[PDB]
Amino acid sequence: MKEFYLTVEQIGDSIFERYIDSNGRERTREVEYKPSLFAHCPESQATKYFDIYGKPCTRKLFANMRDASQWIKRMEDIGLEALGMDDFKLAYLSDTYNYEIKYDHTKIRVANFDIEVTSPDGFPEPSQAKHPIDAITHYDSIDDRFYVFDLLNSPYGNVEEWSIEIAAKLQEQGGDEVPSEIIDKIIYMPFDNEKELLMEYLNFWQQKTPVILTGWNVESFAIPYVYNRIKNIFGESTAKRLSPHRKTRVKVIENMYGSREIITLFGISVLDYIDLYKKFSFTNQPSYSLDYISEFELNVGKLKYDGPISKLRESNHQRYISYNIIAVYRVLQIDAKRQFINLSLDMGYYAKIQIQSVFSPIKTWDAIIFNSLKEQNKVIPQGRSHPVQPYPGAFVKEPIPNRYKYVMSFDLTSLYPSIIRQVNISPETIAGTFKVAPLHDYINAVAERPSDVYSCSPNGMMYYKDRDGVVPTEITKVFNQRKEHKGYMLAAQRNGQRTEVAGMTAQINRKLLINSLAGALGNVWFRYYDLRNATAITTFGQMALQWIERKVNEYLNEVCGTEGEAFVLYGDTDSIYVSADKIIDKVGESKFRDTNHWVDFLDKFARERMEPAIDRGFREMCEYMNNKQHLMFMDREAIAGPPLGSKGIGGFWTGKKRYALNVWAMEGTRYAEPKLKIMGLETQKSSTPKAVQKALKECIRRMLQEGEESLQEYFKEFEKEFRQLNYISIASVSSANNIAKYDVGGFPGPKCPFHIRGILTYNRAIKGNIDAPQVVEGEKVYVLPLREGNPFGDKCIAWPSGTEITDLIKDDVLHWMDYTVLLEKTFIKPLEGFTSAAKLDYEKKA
């Protein structure tokens, strides 16, 4: 069988690698890797190594990775380029596995674990590990078993063994209702004391060493707590056993808010699922706790319980253990749907990197490009330092705030990667420059043609047409791979066999990699950073969008015989929005039998008339810029309008990036019932309260489908009833940054943000109460305004999102929450923006 690596590390002059051999067995080996770097040489010095610019290079074989690292220093001292992959472990992977890696995931030990710690005096800080670990559930992907470690005796009480029979009982039987598909997969291990529990866990850890270590908040809590707790009791020599190479290190994470403290376990790849979720899910959630996410993803959260979790083990040890098992399983269910782990394994093995590097698109792309270049015996350039500088981005047209009855939309296919491929943009394909005219001249095709020999961008860059660049070459491959999976996602959407969400992630998360490459060219840490290339992409995007805007207006003017009219109402980056009122009027709205009739008509007109006109409109631009390959593909997206015969307005814009459409068709998907397409509005902002999002969305639905009278009817009913709503559902949400920065003596300091003020108000209310939930820096909070004269002392209070507010102050908050201010700022004010733009009244006049 083909060999593939599991983990790889660099410790001194040795490479530590865990891998699967040809027999399918997991092996470990330490290799004295002798790396090689490159330096430019005279042409007379024959070689097979050249850089990306065709300049000859000499291969320097070093006795060890130390000599190679020191050589880079000397070359820097001299001031000459030191070419080659300076990340020696990546080069080792490239040499060891010089072929496309086809891995077997069943041989990869993926570990999903979570722990429980009873703490009567606040959150148990992993740096201290003051309190005993009384529960550990450890799922092993190879064994397909849930190994449960249960502490029976601790200074916080002695308990009886957990019952698997009771845990299997339904909730209405007093049981825990632990899923039947995992109850037979539970391995229960009771322990008389903590030392025995931890000792056995390490023996368990060494026998089944995790390759992929995951869970929820395992990196910031579970891993450092276990490491420190074992350290305090047995010493670091025993805590080092958590690594298969017996080597760890305390890693400090830097950001714009302070430093962090995690533990690096060499030989292990940690993929904390909360980090995998935040990056790959394409959602911004009010709360990122496991219970909130499980509710969103699975319509079911963690196991519910009574009283604080600090007293759960003593009061209901049965539930306490079952709660712990379910926590681990919830992550396995979320992953079975999201497939973020399998995505990471795909990306990591495709790029030939450490699996945990999938968090970094830069490192990922650097190794893809390196391996690609090495294949042709080409040598990558040395990374350089650059000052952070801004550069132009996409174009956004200022829409006229108004209702728009009939709307048809068109969008380009993966614009930026396509631009890269079409123009042939790459660090080595640069050919020169041309004198630039104002951009509006290229849009109107009145400026002189840039070149008859090179592929050009309206930013002034010229690229070779007859040679390949590594960047267009490698981005094409990943683009094509997504296209193959996208051919499966649209199926399930139209058929809705199944496949969708996973087939969605398969395609949508692949695009995150290909979209990040264009951005990478504008990041100073990318090896192939170049603002000329990065601007060439975005400027081309600006041109193409407004070029096709002009072309669509021209085509629709001559076809409708109207002259000079504006059909394109709005555009953003890769899309355009066309008013279809005039098209409908040509046939006559009375000549349509029903809603589907005019939808079928606009669909036929878009495909047979507009689309071929659009493609012709792009082929000439391709000729104008003398591009290498025509790839500006813009096809029909949405078809929107009110129901036939109704009083709905179909859609509306309030401004840039803010609009609502009543869509009947999306590409190949024809909706049985009209779907709302709402972008940018408060219904989409996670900072808007849950019950307000729903109410606003219903206000919008009535505007687009039913009209003014229905909207006013619903508004009047919502204002009369909204006080009944649960306080959490009407609470605002916001991320909490730099709390201490605006903290002066527990009271709001200068320029204190409104939500931060709510946090300080909360901190005073719970001050002295060591068991009360603490607002964490960098996390999110629920926010409620407070009526004047409230006992809390300020205009608002804020508490951790995704949770009920503590029973200490809950009754007071309910009594003093300002329903009026809440209604005006979150509901009425945005609704005023929607209706005034749509020329509608949410309240009666005369």
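Residues carry their position along the shown sequence, with the first being 1.
- Coordinates are absent for 10 or more residues of the deposited sequence placed between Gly496 and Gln497.
- Higher mean CA temperature factor between 66 to 74 and 789 to 797: 66 to 74, per the PDB entry.
- A summary of the deposited B-factors shows that, of 392 to 400 and 256 to 264, the stretch with the larger mean C-alpha value is 256 to 264.
- Note on the listed residues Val31, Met817, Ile809, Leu37: the highest Cα temperature factor in the record is that of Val31.
- Annotation for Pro155, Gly519, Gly655, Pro612: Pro155 ranks highest, by Cα B-factor.
- Sorting the modelled residues of the chain by their CA temperature factor places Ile20 in the highest third.
- Annotation for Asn232: C-alpha temperature factor in the highest third relative to the rest of the modelled chain, per the entry.
- Compared with the other modelled residues of the chain, the Cα B-factor recorded for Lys465 ranks in the highest third.
- Ranked by C-alpha B-factor against the other modelled residues of its chain, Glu667 falls in the highest third.
- Looking at the C-alpha B-factors along this chain, the one for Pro450 belongs to the highest third.
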